[PDB]
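Take a look at this one chain, the form deposited in one PDB entry, written out in structure tokens.
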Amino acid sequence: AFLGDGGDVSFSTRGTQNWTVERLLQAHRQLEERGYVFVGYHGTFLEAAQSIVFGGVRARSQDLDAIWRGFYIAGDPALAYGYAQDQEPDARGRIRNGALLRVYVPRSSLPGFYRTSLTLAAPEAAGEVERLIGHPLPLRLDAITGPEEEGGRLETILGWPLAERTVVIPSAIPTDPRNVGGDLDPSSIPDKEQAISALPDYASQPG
């Protein structure tokens, strides 16, 4: 268990249950102590978070070119915040808020983390990425970080093999049920969480 001590953690529209800031600091500490490192956030809907936190990140089909398949996370929680919501309304047409998740990997996987200035998910970057990771896409036991779009914010792609080795825990950053679609207000980010949200230094050159 990597969720720390407390009640049963569940995901709701009212917010994550039994997940204070203090419990996060504990779980984060216990994670570092076991050789794990924080690499970013992952915004998604309630049922998904549940599956990830309690079942683990597992590979699945996704709408994109096969060479870019993998788990998608972002260093800046504001970016991942935009995906923390239902992507499709229910029968009546409700679109409820989601949850922000924190992704941790074994430090042993850090040698596989690289970065690039090029925009990802584009054929114009595939070559450079394949150069850095030292093999043809898709990503495997490695990860790539680069602008989600031209001039946009950074994103990180965890090759599924590496993504299935993550340990994900809830974030103390709450989604807003009365403002679904709104942008993350930086003042809603617990100063204590911001302190533990520093990202590792990624390689700009291949191994």
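Definition used throughout: the rigid core is the maximal C-alpha set that superposes within 1.5 Å between two forms. In case it trips you up, residue 1 is the first one in the sequence shown, and so on.
The same protein also exists as the form deposited in another entry; that form is not shown, yet it is the one meant from here on.
- After superposition on the rigid core, the single residue among 56, 35, 152, 161 whose C-alpha moves by 2 Å or more between the shown form and the other one is 152.
- Once both forms are overlaid on the rigid core, the distance between the two CA positions of residue 47 between the shown form and the other one is under 2 angstroms.
- The distance between the CA atoms of residue 79 and residue 149 is at least 3 Å shorter in that other deposited form than in the form shown here.
- In that other deposited form, the separation between the C-alpha atoms of residue 72 and residue 64 grows by 3 Å or more relative to the displayed form.
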